[PDB]
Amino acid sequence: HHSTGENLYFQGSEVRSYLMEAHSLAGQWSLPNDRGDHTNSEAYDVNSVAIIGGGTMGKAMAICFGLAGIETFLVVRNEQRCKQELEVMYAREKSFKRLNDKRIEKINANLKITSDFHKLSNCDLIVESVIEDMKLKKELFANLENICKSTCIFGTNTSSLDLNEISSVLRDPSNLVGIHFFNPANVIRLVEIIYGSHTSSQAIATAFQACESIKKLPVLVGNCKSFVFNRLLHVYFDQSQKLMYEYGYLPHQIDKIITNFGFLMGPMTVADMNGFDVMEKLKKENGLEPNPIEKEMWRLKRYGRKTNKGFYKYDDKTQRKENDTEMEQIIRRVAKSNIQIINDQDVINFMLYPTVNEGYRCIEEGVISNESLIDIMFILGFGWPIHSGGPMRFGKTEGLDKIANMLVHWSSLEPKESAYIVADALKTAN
């Protein structure tokens, strides 16, 4: 989960994230019922960390801890392949300006690659990022218990396995917690701290403080919220596509409006980054139906950066983004729409209002709590129309009333599109 840039769509720019993060209450965490909270929970200091597994997430997490000046062991099967893979990663990240030689120097002075466990006995936090094999994970933690100090918090980045199974094998199952970083990890600050049924307040506090010390922004949740992000993403992005085929907007125009609003990157830019084949492979699983722009683009196998052409074009040298004339022909070639879009503000509303509504849809369906969703979106830098203090500036609006009205009005002109059907939880919060 989260390993293919799904949350880049929602990542705020440095400034917008600066301004939006202040409104998250996620630091004020509580476990369910009477299990403990941030007022009554002791955090052990994290002076030393271990990340088990040298895959993409393993490497990305180890980089994050190393960058902060924390002694980090990266425990892998093949130390030599690992150092090689890490070099490719360093080079790719610099090319995106996510890292530079000075920060790589700091990582390297703190990062120790190894395949030996008896190096870990003084580690305060160990996060497993191995293959999704229940028996392997069980034995690995069962293994670490009788070699690590009793204060050691065990993290697992598992997506497909049940956190309680894995704990079901420690003598002390209270120190196992789920920890999800988000790709790309030098860009997205959000981290999910996922509690099991037995996860202790200490484990929670220790993980929280650890993430904070590495300049990440943790949130406490009862399960992984990938489903939520996917749902938000698909609504956001479908709207974004309508701007191209129903209206005459070109990728750089949409993306410019989005980045002007304060997002780090526009949707077409992000889709190219992530590989637009991902979207095709999705409908290849439950076909279909592909919209005019997708239909034609997938034919031409324009998948983004990996195919050097996508919504943009990427020249061969330093792989630099440039506008593409063939893409515009596809756009021009496809009157239309009763819904009015005349200016930049309407463009933003067309994209963001239906995304906000889908969040409320997730809330009322029990997929996510109201508080979790809102803290997450502030942390991402996306923002929210409403916060704990009441109405919140969200573009050229505040609160939910104009949003609710615009959605019902859009539902009038297009009553078949679910994206405009207002949720009861939205009406409620309004």
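Note that residue numbering begins at 1 and tracks the sequence as displayed.
Missing deposited residues between residue 334 and residue 335: 1 to 3, all without coordinates in the entry.
When the mean C-alpha temperature factors of 132-140 and 306-314 are read from the deposited coordinates, 306-314 comes out higher. For the pair 378-386 and 394-402, the record assigns the higher mean C-alpha temperature factor to 394-402.
Looking only at 189, 119, 97, 225, the residue with the top Cα B factor in the deposited structure is 119. Between the residues 262, 196, 292, 173, the entry's highest C-alpha temperature factor is the one at 292. Ranked within its chain, residue 276 lands in the highest third, by CA B factor from the PDB record. In the PDB entry, residue 210 places in the lowest third of its chain by CA B-factor. Among the modelled residues of the chain, residue 246 sits in the highest third by CA temperature factor in this PDB entry.
Placement of the Cα temperature factor of residue 216 within the chain: lowest third of the modelled residues, per the deposited record. Split the chain's modelled residues into thirds by C-alpha temperature factor. Residue 323 is in the highest one.
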